[PDB]
Amino acid sequence: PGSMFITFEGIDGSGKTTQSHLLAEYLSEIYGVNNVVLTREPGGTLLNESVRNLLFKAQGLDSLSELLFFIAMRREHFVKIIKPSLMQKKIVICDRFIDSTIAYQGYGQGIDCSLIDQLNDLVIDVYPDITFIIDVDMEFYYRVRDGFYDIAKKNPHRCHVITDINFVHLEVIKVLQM
Amino acid sequence: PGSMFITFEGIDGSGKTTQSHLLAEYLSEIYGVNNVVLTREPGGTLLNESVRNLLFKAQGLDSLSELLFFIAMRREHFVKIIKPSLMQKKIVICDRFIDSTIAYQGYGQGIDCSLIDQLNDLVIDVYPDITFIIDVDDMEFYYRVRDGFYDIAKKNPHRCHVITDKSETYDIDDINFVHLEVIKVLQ
Amino acid sequence: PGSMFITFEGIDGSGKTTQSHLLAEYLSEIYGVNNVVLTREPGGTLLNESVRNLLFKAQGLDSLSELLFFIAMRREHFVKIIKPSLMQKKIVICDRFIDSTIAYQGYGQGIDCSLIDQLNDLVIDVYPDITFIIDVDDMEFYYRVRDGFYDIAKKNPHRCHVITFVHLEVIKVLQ
Amino acid sequence: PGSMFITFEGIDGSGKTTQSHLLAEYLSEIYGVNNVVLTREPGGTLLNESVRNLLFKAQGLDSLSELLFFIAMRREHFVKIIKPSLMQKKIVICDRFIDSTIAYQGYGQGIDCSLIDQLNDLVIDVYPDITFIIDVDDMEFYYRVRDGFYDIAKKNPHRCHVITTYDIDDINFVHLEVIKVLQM
C-alpha cells in the first residue's frame, strides 16, 4: 500500500502496547493483515526475543552494556523486519523504538544523548514517519518523562504527545489521518 | 602481586586458547591460583556465555549487529570481571579481546576500524599490558583477517608481540615452542 | 492491570509445568504478554539455573545444605524477578515455590517444617495469592511428599486449591 | 594426634592465605601431611568451588542471597570436610570462616549480625579453637569491615588473636607470632 513507519512511545504502563495493537487491527482491516507489520523493541526477531529473555533473567547490567544490547538488537530488527517491510511498501508499527532509548538510557541512566543519537544513526537509515508518545525511584521516572517531553519538543515534525483506552485510540487515528 | 592484563589474539585454529591455558598454569604456579584469572570473549559472565550460545545458532546475523553484541558483552565482561580483578592487583589472561574485533569485524567484514576503535574505548578504560598474537605459518576473508592482525601489531609495537608458530633452529613441537616464546616475552 | 501472584505446585510429573504455561497463555491473551511473567524454581535467573544444574549432579548432598541452596536461590529469584514484577502491577505465575520446599525437604527429607517456614519468611515478603496443587497417582519418600502437599493445602485453605480440563478448572477457580 | 580447628581471618590482601599455607606446612612436618587438612571458604569441596566460580561470573547478588549461599556452602564444607577431620583427631586449618561472614555480610553489607550468628549455629556445632586475625595497614565499606574484625576480636578474646623490629620479612614475623600463640 505504501510504506509507513509508525512508532509508539512512553513510560511502561502508559498503554503504548494496547494502542499499538488497536492501531494494527484498524489498519489491518483497511489494508489487509499481510500489509501491516506489528512489532516491538527490544525484540522483534527470534534472536532478539531470546536475548531479551536472557537480559530479564540476568538483571544488574551495567547501563552502557544495556544500551549497547538494545542498539545491537535494533540493528538486527531493523535489517530483518523493519526495513524489508518498508521496501515492500507495508505499514510498520513498532512498540518502543529510538525515543525509549533516549528517555531511559539517556535521561534515566544519564548516558550522553549525543552518543545514543550517534548509535541510533549508525544502525538505522529510516526514521519513523510518525511517533505517538502516550502520556499518563521516583527521580528516575521524573527524568524519563522529561526525556519524552524533550523528545517531543525537539521533534515536532514526527512526535505527537497524546494525554491520558478508547479516547486515546480515537485521537491516535485523528492525528494519523491529517 | 601486581596488576597485569594479558590477551591472546590471532585467527581461529591458531592455538590462542591452548596458549592462554598454558600461561595460566605457568603463572598460577608462580603467583598462586587465586591471583590469576583466566577468561575469554565472547563470554566471561553467565549472561555473556548464554548470549554467545544464542549467537552461535544465529543464521545470517548482520555484521554490524554482531559487532554491537560483542561490544555490549565486552562492556559487561570488563566491568564485572576484568577491571575488578586488576583493581585487586591480580593477573588477568583473556582469550580473545579488542584486537579480534578489529581483525574480524573490521578487516574481515569491512566495518570501519575507526568506529571499532571508538566502541572499544567507549567500553574499556584499561588496555592490555601485553598482547600475544599467535601467527600460523572463503579464503579472501581469511587473508584479510590475517592482514588485520599484522597491521594491529605494526600499529601497536609496545603492546603486541607476534609469535610465529614454527621453531626455526630447534626441533620442538609447535605448542611448546610458542609457549616458550610467550614466557620469553614476559622477562 | 493489578498484581496477582499465582503458583503451581505438586509432585514431579503432575502437569504443573504444562498448566503454568497454559495459564500464562490464557492470561497473556487477555492482559498482554508484557503483563504476564512466567517463571519457575529452582531457577528463574541465569545464576539459579546454573546452580540448579550443579545441584542435580551432586552426590549425597547434606539435606540442610541443599535446603539452604534452594533458599538462597529463592531470595535471588524473589528480589530480581517476582517482587519487581508485582510492584509493576503485573501477574506472576511461578512453577514451584515455597510449598515444594516444604513437601520435598520437610515431609520428604525430614527437615523441620518450622525451620523451612522461617527460612521462607526470611527471603520473601509477599506470599502467593492463589496456589494450585495438581494431584496425581523409593515410594515411602514419594508418598510423604504427596501427603505433604495435601497437608499444606489443609493448613492453608485461604490460599491453596487442589485440582484432581484441569486448565478449565484453574480458570474457573481463578475467577 | 588431637583435634584442632584453626582459622585465618582478616580483609582481602592481609596475607591470610599465605599464613594458612605456611602454618599447614609447619604442622605437616611435625604431625604428618595426612594429619593436617588445609581448606578454605567459600569453597573447600568440588560442589562449593563450582558454586564459587558461578558466583564470580554472576555478579550483583542481593546481599542476603550471598550470605545464604555462603551458609549453604559452609554447611556442606562442615559436613564433608571439617567435622569428619576433627572426628579423626586431625588438625584443620581454614582460610576464611565464620568471622569473615560477620565482617563482610554483617558490618560491610549491613545484615543483622544476630541473624548471621543464628545461621552459623544452624549449620555448625563447633567453633574454631583459635582464630588468627591478620591486621594490615568504596572506602566506607572497607572501614566497616575492618571495624567488624576488631569488634569480633573484642567479643571473642579467648578464640581470636589479632596479629600485627627484627631482621626478617613481615610474612615471617607474622608466621612466627602465629606459631608462638599456638604454643599456649
# chains A, B, ... in the order shown; residues from 1 in each chain; ligands from 1
>>> residues_around(residues="region 147-161 of chain C", least_positions_apart="4", cutoff="7 Å", atoms="only C-alpha atoms", output="ChimeraX atom specification")
/C:10,103,107,129-133,143
>>> interface_residues(of="chain C", to="chain A", cutoff="8 Å", atoms="only C-alpha atoms", output="NGL selection string")
:C and (44-47 or 80-81)
>>> residues_around(residues="region 149-160 of chain B", least_positions_apart="5", cutoff="7 Å", atoms="only C-alpha atoms", output="PDB file with N, CA, C and O atoms, in the first residue's frame")
ATOM      1  N   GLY B  10      44.683 -13.717  17.566  1.00  0.00           N
ATOM      2  CA  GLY B  10      45.041 -14.386  16.306  1.00  0.00           C
ATOM      3  C   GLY B  10      43.853 -15.105  15.719  1.00  0.00           C
ATOM      4  O   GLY B  10      42.795 -15.191  16.350  1.00  0.00           O
ATOM      5  N   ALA B 103      40.233  -7.219  13.661  1.00  0.00           N
ATOM      6  CA  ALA B 103      40.590  -8.161  12.609  1.00  0.00           C
ATOM      7  C   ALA B 103      39.363  -8.801  11.952  1.00  0.00           C
ATOM      8  O   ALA B 103      39.280  -8.874  10.739  1.00  0.00           O
ATOM      9  N   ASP B 129      48.299  -4.863  28.905  1.00  0.00           N
ATOM     10  CA  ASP B 129      49.722  -4.571  29.058  1.00  0.00           C
ATOM     11  C   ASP B 129      50.542  -5.315  28.016  1.00  0.00           C
ATOM     12  O   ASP B 129      51.563  -4.833  27.565  1.00  0.00           O
ATOM     13  N   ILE B 130      50.114  -6.521  27.660  1.00  0.00           N
ATOM     14  CA  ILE B 130      50.856  -7.355  26.722  1.00  0.00           C
ATOM     15  C   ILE B 130      49.841  -8.169  25.961  1.00  0.00           C
ATOM     16  O   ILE B 130      48.963  -8.754  26.568  1.00  0.00           O
ATOM     17  N   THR B 131      49.969  -8.213  24.640  1.00  0.00           N
ATOM     18  CA  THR B 131      49.084  -8.999  23.776  1.00  0.00           C
ATOM     19  C   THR B 131      49.916  -9.912  22.888  1.00  0.00           C
ATOM     20  O   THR B 131      50.777  -9.449  22.145  1.00  0.00           O
ATOM     21  N   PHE B 132      49.685 -11.216  22.998  1.00  0.00           N
ATOM     22  CA  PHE B 132      50.349 -12.200  22.150  1.00  0.00           C
ATOM     23  C   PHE B 132      49.486 -12.515  20.948  1.00  0.00           C
ATOM     24  O   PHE B 132      48.372 -13.056  21.098  1.00  0.00           O
ATOM     25  N   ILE B 133      49.971 -12.171  19.762  1.00  0.00           N
ATOM     26  CA  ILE B 133      49.284 -12.513  18.525  1.00  0.00           C
ATOM     27  C   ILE B 133      49.953 -13.768  17.986  1.00  0.00           C
ATOM     28  O   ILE B 133      51.095 -13.712  17.506  1.00  0.00           O
TER      29      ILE B 133
END
>>> interface_residues(of="chain B", to="chain D", cutoff="12 Å", atoms="only C-alpha atoms", output="MDAnalysis selection string")
chainID B and resid 1:2 31:35 37:40 43:50 76:82 84:85 87:90
>>> residues_around(residues="residue 116 (chain D)", least_positions_apart="4", cutoff="7 Å", atoms="only C-alpha atoms", output="mmCIF file with C-alpha atoms, in the first residue's frame")
data_model
loop_
_atom_site.group_PDB
_atom_site.id
_atom_site.type_symbol
_atom_site.label_atom_id
_atom_site.label_comp_id
_atom_site.auth_asym_id
_atom_site.auth_seq_id
_atom_site.Cartn_x
_atom_site.Cartn_y
_atom_site.Cartn_z
ATOM 1 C CA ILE D 102 30.186 -11.388 60.191
ATOM 2 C CA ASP D 112 21.999 -8.140 61.223
ATOM 3 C CA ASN D 120 26.117 -20.137 61.607
#
>>> interface_residues(of="chain A", to="chain B", cutoff="7 Å", atoms="only C-alpha atoms", output="JSON, numbers by chain")
{"A": [47, 51, 54, 58, 62, 65, 68, 69, 72, 73, 75, 76]}
>>> residues_around(residues="residue 35 (chain A)", least_positions_apart="4", cutoff="7 Å", atoms="only C-alpha atoms", output="JSON, numbers by chain")
{"A": [31, 90, 91]}
>>> interface_residues(of="chain D", to="chain C", cutoff="12 Å", atoms="only C-alpha atoms", output="number ranges by chain")
D: 45-80, 115, 118-120, 122-124
>>> select_by_dssp(residues="region 111-143 of chain C", states="alpha helix (DSSP H)", output="short mmCIF file (atom, residue, chain, number, x, y, z; two decimals) with N, CA, C and O atoms, in the first residue's frame")
data_model
loop_
_atom_site.label_atom_id
_atom_site.label_comp_id
_atom_site.auth_asym_id
_atom_site.auth_seq_id
_atom_site.Cartn_x
_atom_site.Cartn_y
_atom_site.Cartn_z
N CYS C 113 9.74 -28.59 59.48
CA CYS C 113 8.93 -27.68 58.68
C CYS C 113 8.90 -26.25 59.21
O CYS C 113 8.71 -25.33 58.42
N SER C 114 9.06 -26.06 60.51
CA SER C 114 9.02 -24.69 61.05
C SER C 114 10.32 -23.95 60.72
O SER C 114 10.30 -22.73 60.52
N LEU C 115 11.42 -24.69 60.63
CA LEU C 115 12.68 -24.12 60.13
C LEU C 115 12.46 -23.65 58.68
O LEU C 115 12.79 -22.52 58.32
N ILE C 116 11.90 -24.53 57.87
CA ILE C 116 11.63 -24.22 56.45
C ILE C 116 10.74 -22.97 56.33
O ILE C 116 11.03 -22.06 55.53
N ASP C 117 9.68 -22.91 57.15
CA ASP C 117 8.82 -21.73 57.17
C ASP C 117 9.60 -20.48 57.53
O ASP C 117 9.45 -19.45 56.86
N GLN C 118 10.45 -20.56 58.55
CA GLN C 118 11.22 -19.40 58.97
C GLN C 118 12.13 -18.93 57.82
O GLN C 118 12.27 -17.73 57.60
N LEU C 119 12.79 -19.87 57.15
CA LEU C 119 13.73 -19.52 56.07
C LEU C 119 13.01 -18.87 54.90
O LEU C 119 13.50 -17.90 54.33
N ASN C 120 11.82 -19.39 54.57
CA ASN C 120 10.95 -18.81 53.54
C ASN C 120 10.50 -17.41 53.90
O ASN C 120 10.57 -16.52 53.07
N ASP C 121 10.06 -17.20 55.13
CA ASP C 121 9.61 -15.87 55.54
C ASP C 121 10.80 -14.90 55.57
O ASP C 121 10.62 -13.69 55.35
N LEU C 122 12.00 -15.41 55.81
CA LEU C 122 13.21 -14.57 55.76
C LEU C 122 13.50 -14.02 54.34
O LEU C 122 14.00 -12.92 54.18
N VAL C 123 13.23 -14.80 53.31
CA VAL C 123 13.66 -14.38 51.99
C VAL C 123 12.57 -13.77 51.14
O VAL C 123 12.90 -13.14 50.15
N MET C 139 9.34 -45.38 47.26
CA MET C 139 7.96 -44.91 47.25
C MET C 139 7.52 -44.30 48.58
O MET C 139 6.67 -43.40 48.59
N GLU C 140 8.09 -44.77 49.69
CA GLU C 140 7.84 -44.16 51.00
C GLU C 140 8.07 -42.65 50.89
O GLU C 140 7.19 -41.84 51.21
N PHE C 141 9.26 -42.30 50.39
CA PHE C 141 9.61 -40.93 50.08
C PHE C 141 8.54 -40.21 49.26
O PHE C 141 8.04 -39.18 49.70
N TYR C 142 8.20 -40.75 48.09
CA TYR C 142 7.24 -40.12 47.18
C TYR C 142 5.87 -39.89 47.83
O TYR C 142 5.25 -38.87 47.59
N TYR C 143 5.41 -40.85 48.63
CA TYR C 143 4.12 -40.73 49.35
C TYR C 143 4.11 -39.67 50.46
O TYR C 143 3.11 -38.98 50.64
#
>>> residues_around(residues="residue 22 (chain B)", least_positions_apart="6", cutoff="10 Å", atoms="only C-alpha atoms", output="JSON, numbers by chain")
{"B": [16, 28, 175, 176, 179, 182]}
>>> residues_around(residues="region 116-129 of chain A", least_positions_apart="6", cutoff="7 Å", atoms="only C-alpha atoms", output="list in words")
residues 4, 5, 6, 7, 71, 75, 78, 98, 102 and 158 of chain A
>>> atom_distance(atom1="CA of residue 113 (chain D)", atom2="CA of residue 143 (chain D)")
16.7 Å
>>> atom_distance(atom1="CA of residue 136 (chain A)", atom2="CA of residue 163 (chain A)")
6.4 Å
